């Protein structure tokens, strides 16, 4: 019935997310939380889906492709079809979402992005929550998170401490779309 689409992203002080096709940092504890948030489901036997762009797919080491215990959906007009049954190449955002709402064993769609994928999620009726990791500093990024109006959301007020790995500081933020709260 209810099918949420959540956004999860780590942005720096200028909203940057990507550099030279990869991520501008490596935060193992932050990424373990990413893996847990995008994998764990309320209903066991049900799965979560991750929707991503081709460049996010190419940024994952092939030994970790596809992302374990999740149904992978890759948006691309150029990619050949993936024979792996846990991966589907979707030619459009609308067809990807329609396919995911068709499969009943999917509990939550996690938009793991690429700027355009995040942008389409921000305009989706299924938009539910944004899980933003705000990293301190300017990491000289060449790809940025979409310009989002935070006034559309309610910021969750749970206590959020500062984190640090490898001399990199960051804090967690959670937002809920205002029509859902």
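Positions refer to the first chain, counted from 1.
For the segment pair 127-135 and 56-64, the entry gives 56-64 the higher mean B-factor, averaged over Cα atoms. Between the stretches 38-46 and 116-124, it is 38-46 that shows the larger average CA temperature factor. Among the modelled residues of its chain, residue 141 has a C-alpha B-factor that falls in the lowest third, as given in the PDB entry. Ranked by C-alpha B-factor against the other modelled residues of its chain, residue 5 falls in the lowest third. When the modelled residues of the chain are ordered by C-alpha B-factor, residue 27 sits in the middle third. Per the deposited record, the Cα B-factor of residue 158 falls in the highest third when ranked against the other modelled residues of its chain. Among the modelled residues of the chain, residue 105 sits in the highest third by CA temperature factor in this PDB entry.
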